[PDB]
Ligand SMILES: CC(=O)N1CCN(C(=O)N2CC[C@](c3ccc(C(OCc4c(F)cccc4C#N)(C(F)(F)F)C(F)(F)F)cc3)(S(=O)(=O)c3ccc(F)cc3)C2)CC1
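Below you will find one chain, with nothing else, as structure tokens; this is the form deposited without this ligand, and questions on how it binds or moves follow later.
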């Protein structure tokens, strides 16, 4: 892009796509912070079977991914890429975007996340048998939350998470690069304008999102090997398309 008016138009445009595609409004999440699972409800979750809690989490991830697909569809540049590259970007990026969007549903004051209507701590997911992954996700959401990420910042940051020209498989790499650099300009322009450039050094390192995504795939492979009929019969088709 040439001149601040085109960059600023991009900023507004990205922010609007984000707002139209967030599953939960931020104030609905904040208004729920006192609604916290009782210890008896926590115990109830801990006693659910591994396979039932996997199914539930997969369903919830699938719904979050659907909103990310709509997000990508509303970024003009994205829908200008060829279909192969759209799919490449979405298969590598969708989970990373959801992982970023989850910080909004995380309360750093008590280390809880909004899940199935109330806030609960990481002990809520014990039945999954993936304590390392869960703990890493909570840690990631705590990092971002410490930054006090604004809605506008999440918009712009998650547009960049998705439009990543380093994804293996991209055919029009140069085109993705150009889009990535315009979105980087937009993000950094907005940071400069809002006096928020101090967060650049505090953003999680390159590789942290990859690490969560790869742990997620690794834990999935173990679960699937234990309960292959559950995955086939009861995991959402989109989930399996992205991760199995």
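Residue numbers count along the first chain shown, from 1.
Unshown form deposited with this ligand bound; subsequent notes refer to it.
- With the site C-alphas superimposed, the ligand pose in the entry with it bound sets this ligand onto this chain such that three or more atoms are within 2.4 Å of backbone or C-beta atoms; a blocked site results.
- Checked against this ligand in the entry with it bound, the candidates 160, 170, 81, 137 yield a single residue with a heavy atom inside 4.5 Å, and that residue is 137.
- 29 is the sole member of 29, 36, 42, 185 with a non-hydrogen atom lying within 4.5 angstroms of this ligand in the entry with it bound.
- Remark: none of the three candidate residues (11, 150 and 179) comes within 4.5 Å of this ligand in the entry with it bound, counting heavy atoms only.
- Remark: residue 156 does not count among the residues lining this ligand in the entry with it bound, judged by a heavy atom distance of 4.5 Å or less.
- The closest non-hydrogen atom of residue 128 lies within 4.5 Å of this ligand in the entry with it bound.
- In the entry with it bound, at least one heavy atom of residue 60 sits within 4.5 Å of this ligand.
- Though the partner is left out of this view, residue 22 does reach within 4.5 Å of this ligand in the entry with it bound, counting heavy atoms only.
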